[PDB]
Amino acid sequence: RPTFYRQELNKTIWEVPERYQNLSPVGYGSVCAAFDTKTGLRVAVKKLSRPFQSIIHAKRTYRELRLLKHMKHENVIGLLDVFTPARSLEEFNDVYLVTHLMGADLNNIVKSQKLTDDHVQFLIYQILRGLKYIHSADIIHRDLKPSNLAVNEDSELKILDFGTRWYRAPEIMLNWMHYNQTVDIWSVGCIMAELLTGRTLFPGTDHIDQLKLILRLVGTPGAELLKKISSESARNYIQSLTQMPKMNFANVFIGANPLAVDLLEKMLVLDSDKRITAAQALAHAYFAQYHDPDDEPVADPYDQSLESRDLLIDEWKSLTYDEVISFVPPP
Ligand SMILES: CNC(=O)c1cc(Oc2ccc(NC(=O)Nc3ccc(Cl)c(C(F)(F)F)c3)cc2)ccn1
Ligand SMILES: CCCCCCCCO[C@@H]1O[C@H](CO)[C@@H](O)[C@H](O)[C@H]1O
């Protein structure tokens, strides 16, 4: 058991192992940057906010900890450490997560500029590779967007969720009851488009403006898609629309690598059943210089029905405690 030191930070007492040096606030929690003497890395230490105040908080704390503990991939956030000052379950009240210090997101690095095609291959390749891994764990991100992408000055990228609707799949904005993993692929298309052009693909002013802009690019639903609409009102409203043909992408993204355009076409199909998967996209000719089928790993999946239970606060609390005590730090 490590030696802890106390320090007032972010309006509370932080209590941390001495490996974590010179805490410096930066930000479900509050965050300090710190220097980890054990590893020599700059890190984010996140003191979780009111983790066991309510059933909802406790449940969310457990889901967060468990998810993070299982994410072990270069292009996805990982847990460097999780600790509590508590010595017993009975004194267990706080949870601190430790990750790499993530000081820049995709926006901080790209800055609204057009990127070179090679540069977009590398960034998009890395998103899809993380996403293959996430999707193999039977997880849907659901809110993938530049701000949820940590990127260092070497353009090395990690998907995370820090916890704008411009990158959201159309079905997510229409509160569709059930989603497939290709909601995230939509988001990737939106991001990819923007990296190539320097402009937000669908900058809607509100909900309806967002869909309008979408349908302008990808067309109104065709007959195949209309047949899959369960809602009689949604069905009958789509039949009220004046048909739009889907724009030819080749002429929306002029001068772009023809392969970038083709991948965009396979990503940004209105029918989510027809969108390319992450694994399929990694094998696309566009990533030829990056693709290695023997280094695009998948996750072992785990039991996410345990997260969706209806339990007592003290039940969630004790389950989160076991997850803290069982943590084994990475290589
Ligand atoms: C300079 N500032 C910082 O360095 C900094 C660091 C922070 O550390 C973080 C701590 C925890 C998380 N939690 C997730 O990311 N949870 C998550 C949920 C669902 C899904 Cl699907 C995923 C997945 F899989 F996509 F990764 C990840 C994110 C960031 C926070 C704020 N600031
Ligand atoms: C008027 C705007 C229409 C938006 C239609 C979005 C179509 C989404 O695609 C749909 O995804 C569903 C949700 O996961 C699947 O169950 C359907 O089979 C699929 O067609």
# chains A, B, ... in the order shown; residues from 1 in each chain; ligands from 1
$ residues_near_ligand --ligand "ligand 2" --cutoff "7 Å" --atoms "only C-alpha atoms and all ligand atoms" --output "NGL selection string"
:A and (170-171 or 176 or 178-180 or 211 or 220-221 or 225 or 228 or 238 or 270-273)
$ write_last_selection --atoms "C-alpha atoms" --output "mmCIF file, in the first residue's frame"
data_model
loop_
_atom_site.group_PDB
_atom_site.id
_atom_site.type_symbol
_atom_site.label_atom_id
_atom_site.label_comp_id
_atom_site.auth_asym_id
_atom_site.auth_seq_id
_atom_site.Cartn_x
_atom_site.Cartn_y
_atom_site.Cartn_z
ATOM 1 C CA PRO A 170 -29.596 10.992 -38.222
ATOM 2 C CA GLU A 171 -31.267 8.069 -36.384
ATOM 3 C CA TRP A 176 -34.728 5.727 -33.074
ATOM 4 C CA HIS A 178 -32.389 0.747 -31.663
ATOM 5 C CA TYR A 179 -28.982 1.647 -33.079
ATOM 6 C CA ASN A 180 -26.242 -0.256 -34.747
ATOM 7 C CA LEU A 211 -31.569 16.815 -40.738
ATOM 8 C CA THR A 220 -34.364 11.641 -48.984
ATOM 9 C CA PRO A 221 -35.003 8.010 -47.967
ATOM 10 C CA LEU A 225 -35.319 2.452 -46.339
ATOM 11 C CA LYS A 228 -37.914 -0.297 -42.549
ATOM 12 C CA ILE A 238 -41.146 10.998 -45.023
ATOM 13 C CA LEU A 270 -28.616 7.310 -44.646
ATOM 14 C CA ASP A 271 -29.537 3.593 -44.149
ATOM 15 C CA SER A 272 -27.324 2.484 -41.229
ATOM 16 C CA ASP A 273 -27.630 -1.132 -42.463
#
$ residues_around --residues "range 299-310 of chain A" --least-positions-apart "3" --cutoff "12 Å" --atoms "only C-alpha atoms" --output "short mmCIF file (atom, residue, chain, number, x, y, z; two decimals) with C-alpha atoms, in the first residue's frame"
data_model
loop_
_atom_site.label_atom_id
_atom_site.label_comp_id
_atom_site.auth_asym_id
_atom_site.auth_seq_id
_atom_site.Cartn_x
_atom_site.Cartn_y
_atom_site.Cartn_z
CA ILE A 55 -27.96 4.89 -6.94
CA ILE A 56 -27.51 6.67 -10.29
CA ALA A 58 -22.93 4.62 -8.00
CA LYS A 59 -24.20 2.77 -11.07
CA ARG A 60 -22.43 5.24 -13.35
CA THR A 61 -19.24 5.03 -11.35
CA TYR A 62 -19.26 1.20 -11.70
CA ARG A 63 -19.93 1.36 -15.47
CA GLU A 64 -17.14 3.92 -15.97
CA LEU A 65 -14.57 2.01 -13.92
CA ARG A 66 -15.41 -1.34 -15.53
CA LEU A 67 -15.37 0.05 -19.09
CA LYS A 69 -10.48 -1.26 -16.93
CA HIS A 70 -11.35 -3.32 -20.01
CA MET A 71 -10.10 -0.81 -22.64
CA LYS A 72 -6.56 -1.94 -23.57
CA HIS A 73 -5.82 -0.59 -27.07
CA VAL A 76 -8.56 4.10 -27.00
CA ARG A 129 -8.78 1.04 -35.54
CA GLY A 130 -9.87 2.12 -32.03
CA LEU A 131 -13.48 1.81 -33.13
CA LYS A 132 -13.02 -1.76 -34.41
CA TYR A 133 -11.78 -2.60 -30.92
CA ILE A 134 -14.59 -0.73 -29.13
CA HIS A 135 -17.24 -2.28 -31.43
CA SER A 136 -15.77 -5.78 -30.88
CA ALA A 137 -16.49 -5.28 -27.16
CA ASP A 138 -20.16 -4.78 -28.21
CA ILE A 139 -19.93 -1.04 -27.22
CA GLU A 296 -5.83 -4.30 -35.62
CA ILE A 313 -26.36 2.02 -3.43
CA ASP A 314 -24.34 -0.18 -1.07
CA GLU A 315 -24.39 -3.00 -3.61
CA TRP A 316 -22.96 -0.77 -6.37
CA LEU A 319 -18.95 -3.88 -6.51
CA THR A 320 -16.98 -0.71 -7.40
#
$ residues_near_ligand --ligand "ligand 1" --cutoff "6 Å" --atoms "only C-alpha atoms and all ligand atoms" --output "mmCIF file with N, CA and C atoms, in the first residue's frame"
data_model
loop_
_atom_site.group_PDB
_atom_site.id
_atom_site.type_symbol
_atom_site.label_atom_id
_atom_site.label_comp_id
_atom_site.auth_asym_id
_atom_site.auth_seq_id
_atom_site.Cartn_x
_atom_site.Cartn_y
_atom_site.Cartn_z
ATOM 1 N N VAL A 26 -7.003 21.336 -13.929
ATOM 2 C CA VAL A 26 -7.170 21.596 -15.344
ATOM 3 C C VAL A 26 -8.667 21.649 -15.632
ATOM 4 N N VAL A 31 -10.501 17.454 -12.360
ATOM 5 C CA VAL A 31 -9.255 16.929 -12.890
ATOM 6 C C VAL A 31 -8.078 17.823 -12.507
ATOM 7 N N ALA A 44 -3.446 12.738 -16.060
ATOM 8 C CA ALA A 44 -4.663 13.336 -15.535
ATOM 9 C C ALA A 44 -5.133 12.471 -14.368
ATOM 10 N N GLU A 64 -18.349 3.200 -15.551
ATOM 11 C CA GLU A 64 -17.139 3.924 -15.968
ATOM 12 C C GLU A 64 -15.879 3.162 -15.634
ATOM 13 N N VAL A 76 -7.445 3.896 -27.917
ATOM 14 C CA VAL A 76 -8.558 4.101 -27.001
ATOM 15 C C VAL A 76 -7.998 4.497 -25.657
ATOM 16 N N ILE A 77 -8.687 5.357 -24.926
ATOM 17 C CA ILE A 77 -8.186 5.701 -23.596
ATOM 18 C C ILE A 77 -8.009 4.440 -22.733
ATOM 19 N N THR A 99 -5.178 8.573 -15.884
ATOM 20 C CA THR A 99 -4.942 8.303 -17.309
ATOM 21 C C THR A 99 -3.765 9.178 -17.783
ATOM 22 N N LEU A 101 -2.175 12.327 -19.461
ATOM 23 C CA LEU A 101 -2.595 13.718 -19.585
ATOM 24 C C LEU A 101 -2.960 13.988 -21.037
ATOM 25 N N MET A 102 -4.213 14.368 -21.254
ATOM 26 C CA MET A 102 -4.748 14.607 -22.582
ATOM 27 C C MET A 102 -4.940 16.102 -22.768
ATOM 28 N N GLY A 103 -3.867 16.815 -23.100
ATOM 29 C CA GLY A 103 -3.926 18.269 -23.226
ATOM 30 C C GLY A 103 -4.423 18.839 -24.552
ATOM 31 N N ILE A 134 -13.394 -1.074 -29.897
ATOM 32 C CA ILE A 134 -14.591 -0.729 -29.127
ATOM 33 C C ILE A 134 -15.827 -1.531 -29.581
ATOM 34 N N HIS A 141 -20.129 3.945 -29.191
ATOM 35 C CA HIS A 141 -19.699 5.170 -28.527
ATOM 36 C C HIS A 141 -20.889 6.119 -28.419
ATOM 37 N N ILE A 159 -9.448 7.600 -28.790
ATOM 38 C CA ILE A 159 -10.856 7.764 -28.548
ATOM 39 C C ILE A 159 -11.136 7.718 -27.039
ATOM 40 N N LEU A 160 -11.970 8.650 -26.579
ATOM 41 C CA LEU A 160 -12.377 8.643 -25.171
ATOM 42 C C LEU A 160 -13.767 9.210 -25.157
ATOM 43 N N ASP A 161 -14.364 9.326 -23.968
ATOM 44 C CA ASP A 161 -15.627 10.051 -23.835
ATOM 45 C C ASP A 161 -15.533 10.937 -22.600
ATOM 46 N N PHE A 162 -15.412 12.253 -22.805
ATOM 47 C CA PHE A 162 -15.298 13.199 -21.676
ATOM 48 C C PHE A 162 -16.612 13.301 -20.882
#
$ select_by_dssp --residues "range 100-207 of chain A" --states "helix (DSSP H, G or I)" --output "ChimeraX atom specification"
/A:106-110,117-136,146-148,170-173,182-197,207
$ atom_distance --atom1 "CA of residue 15 in chain A" --atom2 "CA of residue 84 in chain A"
8.2 Å
$ closest_residue --among "A:152, A:269, A:182, A:259" --to "residue 215 in chain A" --atoms "only C-alpha atoms"
A:269
$ residues_around --residues "residue 294 in chain A" --least-positions-apart "2" --cutoff "12 Å" --atoms "only C-alpha atoms" --output "list in words"
residues 129, 282, 283, 290, 291, 292, 296, 297 and 298 of chain A
$ closest_residue --among "A:258, A:325, A:202, A:42" --to "residue 86 in chain A" --atoms "only C-alpha atoms"
A:325
$ residues_around --residues "residue 95 in chain A" --least-positions-apart "5" --cutoff "7 Å" --atoms "only C-alpha atoms" --output "PyMOL selection string"
chain A and resi 47-48+83-84
$ residues_around --residues "residue 164 in chain A" --least-positions-apart "2" --cutoff "12 Å" --atoms "only C-alpha atoms" --output "list in words"
residues 143, 144, 145, 146, 147, 148, 166, 167, 168, 173, 200, 202, 203, 204, 205, 206, 207 and 210 of chain A
$ residues_around --residues "residue 106 in chain A" --least-positions-apart "3" --cutoff "6 Å" --atoms "only C-alpha atoms" --output "list in words"
residues 109, 146, 149 and 151 of chain A
$ decode --residues "range 222-295 of chain A" --atoms "C-alpha atoms" --output "PDB file, in the first residue's frame"
ATOM      1  CA  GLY A 222     -35.415   5.582 -50.893  1.00  0.00           C
ATOM      2  CA  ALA A 223     -38.020   2.798 -51.055  1.00  0.00           C
ATOM      3  CA  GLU A 224     -35.791   0.193 -49.370  1.00  0.00           C
ATOM      4  CA  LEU A 225     -35.319   2.452 -46.339  1.00  0.00           C
ATOM      5  CA  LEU A 226     -38.999   3.573 -46.184  1.00  0.00           C
ATOM      6  CA  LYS A 227     -39.950  -0.099 -45.781  1.00  0.00           C
ATOM      7  CA  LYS A 228     -37.914  -0.297 -42.549  1.00  0.00           C
ATOM      8  CA  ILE A 229     -39.750   2.565 -40.734  1.00  0.00           C
ATOM      9  CA  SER A 230     -41.826   1.175 -37.822  1.00  0.00           C
ATOM     10  CA  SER A 231     -43.450   4.514 -36.885  1.00  0.00           C
ATOM     11  CA  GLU A 232     -46.573   5.192 -38.980  1.00  0.00           C
ATOM     12  CA  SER A 233     -46.173   8.974 -38.463  1.00  0.00           C
ATOM     13  CA  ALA A 234     -42.467   8.986 -39.352  1.00  0.00           C
ATOM     14  CA  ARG A 235     -43.283   6.837 -42.360  1.00  0.00           C
ATOM     15  CA  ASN A 236     -46.080   9.161 -43.497  1.00  0.00           C
ATOM     16  CA  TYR A 237     -44.040  12.341 -42.935  1.00  0.00           C
ATOM     17  CA  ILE A 238     -41.146  10.998 -45.023  1.00  0.00           C
ATOM     18  CA  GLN A 239     -43.718  10.362 -47.810  1.00  0.00           C
ATOM     19  CA  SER A 240     -44.614  14.081 -47.589  1.00  0.00           C
ATOM     20  CA  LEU A 241     -41.088  15.174 -48.556  1.00  0.00           C
ATOM     21  CA  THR A 242     -40.085  16.153 -52.076  1.00  0.00           C
ATOM     22  CA  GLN A 243     -37.593  13.590 -53.354  1.00  0.00           C
ATOM     23  CA  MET A 244     -33.967  14.644 -53.390  1.00  0.00           C
ATOM     24  CA  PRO A 245     -31.271  12.726 -55.162  1.00  0.00           C
ATOM     25  CA  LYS A 246     -28.145  12.080 -53.128  1.00  0.00           C
ATOM     26  CA  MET A 247     -25.406  14.464 -54.267  1.00  0.00           C
ATOM     27  CA  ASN A 248     -22.464  12.924 -56.091  1.00  0.00           C
ATOM     28  CA  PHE A 249     -19.658  13.050 -53.508  1.00  0.00           C
ATOM     29  CA  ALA A 250     -16.986  13.181 -56.237  1.00  0.00           C
ATOM     30  CA  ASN A 251     -18.182  16.745 -56.859  1.00  0.00           C
ATOM     31  CA  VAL A 252     -18.782  17.775 -53.228  1.00  0.00           C
ATOM     32  CA  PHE A 253     -15.180  16.972 -52.287  1.00  0.00           C
ATOM     33  CA  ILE A 254     -13.442  18.171 -55.498  1.00  0.00           C
ATOM     34  CA  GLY A 255      -9.754  17.371 -55.887  1.00  0.00           C
ATOM     35  CA  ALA A 256      -9.782  14.982 -52.928  1.00  0.00           C
ATOM     36  CA  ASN A 257      -8.117  11.572 -53.273  1.00  0.00           C
ATOM     37  CA  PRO A 258     -10.672   9.542 -55.253  1.00  0.00           C
ATOM     38  CA  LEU A 259     -10.328   6.809 -52.578  1.00  0.00           C
ATOM     39  CA  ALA A 260     -11.155   9.287 -49.795  1.00  0.00           C
ATOM     40  CA  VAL A 261     -14.307  10.177 -51.690  1.00  0.00           C
ATOM     41  CA  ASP A 262     -15.288   6.524 -52.126  1.00  0.00           C
ATOM     42  CA  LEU A 263     -14.803   5.784 -48.383  1.00  0.00           C
ATOM     43  CA  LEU A 264     -16.894   8.873 -47.595  1.00  0.00           C
ATOM     44  CA  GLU A 265     -19.680   7.436 -49.819  1.00  0.00           C
ATOM     45  CA  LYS A 266     -19.614   4.108 -47.933  1.00  0.00           C
ATOM     46  CA  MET A 267     -19.686   5.933 -44.534  1.00  0.00           C
ATOM     47  CA  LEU A 268     -22.390   8.477 -45.051  1.00  0.00           C
ATOM     48  CA  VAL A 269     -25.309   6.386 -46.244  1.00  0.00           C
ATOM     49  CA  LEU A 270     -28.616   7.310 -44.646  1.00  0.00           C
ATOM     50  CA  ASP A 271     -29.537   3.593 -44.149  1.00  0.00           C
ATOM     51  CA  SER A 272     -27.324   2.484 -41.229  1.00  0.00           C
ATOM     52  CA  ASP A 273     -27.630  -1.132 -42.463  1.00  0.00           C
ATOM     53  CA  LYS A 274     -25.791  -0.041 -45.579  1.00  0.00           C
ATOM     54  CA  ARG A 275     -22.864   1.850 -43.934  1.00  0.00           C
ATOM     55  CA  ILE A 276     -19.339   0.346 -44.004  1.00  0.00           C
ATOM     56  CA  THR A 277     -18.191  -1.258 -40.703  1.00  0.00           C
ATOM     57  CA  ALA A 278     -15.001  -0.221 -38.886  1.00  0.00           C
ATOM     58  CA  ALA A 279     -13.236  -3.530 -39.791  1.00  0.00           C
ATOM     59  CA  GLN A 280     -14.442  -3.191 -43.423  1.00  0.00           C
ATOM     60  CA  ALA A 281     -13.203   0.425 -43.601  1.00  0.00           C
ATOM     61  CA  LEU A 282      -9.682  -0.494 -42.335  1.00  0.00           C
ATOM     62  CA  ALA A 283      -9.359  -2.841 -45.367  1.00  0.00           C
ATOM     63  CA  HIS A 284     -10.318  -0.026 -47.758  1.00  0.00           C
ATOM     64  CA  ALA A 285      -7.647   0.938 -50.316  1.00  0.00           C
ATOM     65  CA  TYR A 286      -7.505   4.433 -48.832  1.00  0.00           C
ATOM     66  CA  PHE A 287      -5.539   3.196 -45.788  1.00  0.00           C
ATOM     67  CA  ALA A 288      -3.101   1.026 -47.811  1.00  0.00           C
ATOM     68  CA  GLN A 289      -0.041   2.613 -46.250  1.00  0.00           C
ATOM     69  CA  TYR A 290      -1.308   2.088 -42.730  1.00  0.00           C
ATOM     70  CA  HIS A 291      -3.396  -1.105 -42.748  1.00  0.00           C
ATOM     71  CA  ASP A 292      -2.007  -4.198 -41.048  1.00  0.00           C
ATOM     72  CA  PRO A 293      -4.648  -6.967 -40.554  1.00  0.00           C
ATOM     73  CA  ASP A 294      -2.394  -8.559 -37.924  1.00  0.00           C
ATOM     74  CA  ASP A 295      -2.216  -5.404 -35.821  1.00  0.00           C
TER      75      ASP A 295
END
